[PDB]
Structure formats: structure tokens, C-alpha cells
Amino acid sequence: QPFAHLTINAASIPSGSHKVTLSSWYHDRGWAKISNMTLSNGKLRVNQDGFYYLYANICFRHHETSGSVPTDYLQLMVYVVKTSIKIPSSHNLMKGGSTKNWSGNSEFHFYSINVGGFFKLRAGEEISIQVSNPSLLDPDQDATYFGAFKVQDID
């Protein structure tokens, strides 16, 4: 059946704090795997109609070593958006995150966000991840990832 568990590809990540779309994932190394669905530039396309469970885990971390956060109070957000090739429309399925104060002398800072839900998806619909502060992302495969798996055929 259709499913996917993609892990962050640190090698490519735009610096900044702007809400961006992460488009570098692995589908073969470690826990990364993908059956049926295809991965097109960080976009997880659906090739089979059905009701899937979509989930994402995003880890953020700051180490004084890397320098200092670009702002005392910052927004650590994750957005699970859905697009389509058949239609240029865009939609948010899930949102999660929180504003966190990483100002000070605390040597280390960390914060993760989880999010999931049951959704109805049509072949052609694409799923992508949007986050803020992508420079603060934890690159480990067990820290940052998102995926999906079909539960039952569509009505």
C-alpha cells in the first residue's frame, strides 16, 4: 500500500527566519522510505486515492556555538500544506508550534512540534512542509520528519 516517512536533508536549507517550504527530504537512507507516492522537490505527491494519516515532527535547536538567535522572542512554527498540479490552489491542513524565548546565556535551547490528522486525498494532490526559522532545524532523521500512510480506500 501507499506510505512515506521522509527525513530532513540538512545539506539544503535556506538561512533566515521567513516561513519557508522545506524541499529536501530523504526517502531511502535510514528510516526514510516511500511506497507508491512519489517525492517531487520536497512535495509528497499522492498517486492513489484514499484516506491517509499525515504526520510531522519538527525539531528546533540553538547552540550558543552557532552564534545567537536572530530575535529574543521567536516563532517556531510548522505548517502542513496541500497543493495540486491539476490545480494551483493551496491549503493548510495542520498547524502547530509556539513562540519561545531563547534569549539569555542558556548554553542550549531545544523545542519540538508534533502534528497529525486523518485526511481524504486524491491522486495528484501534493503534501508539503512549511516552517519558520529553518536555520534552527535539527538535521537528525529522528528529529525532523514527516510522512503519511493510507488507512482505507476512499468513498
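In this text, rigid core is short for the largest set of C-alphas that superpose within 1.5 Å between two forms. Position 1 is the first residue in the sequence shown; the rest follow in order.
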When the rigid core is fixed in 6 other deposited structures of this protein, C-alphas move more for 119-127 or 100-108; answer is 100-108
Superpose on the core, then say which of 8-16 and 136-144 ends up with the larger RMS Cα offset from this form in 6 other deposited structures of this protein.
-> 8-16
Entry B factor averaged over C-alpha atoms, 53-61 against 100-108: higher for 100-108
On mean C-alpha B-factor from the PDB entry, just flag whether 132-140 or 17-25 is the higher one.
-> 17-25
Which is it among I127, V115, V69, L93: the one with the largest CA B-factor in the entry?
-> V69
Split the chain's modelled residues into thirds by Cα B-factor; is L74 in the lowest, middle or highest one?
-> middle
Could you tell me which third, lowest, middle or highest, the C-alpha B-factor of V151 occupies within its chain?
-> highest
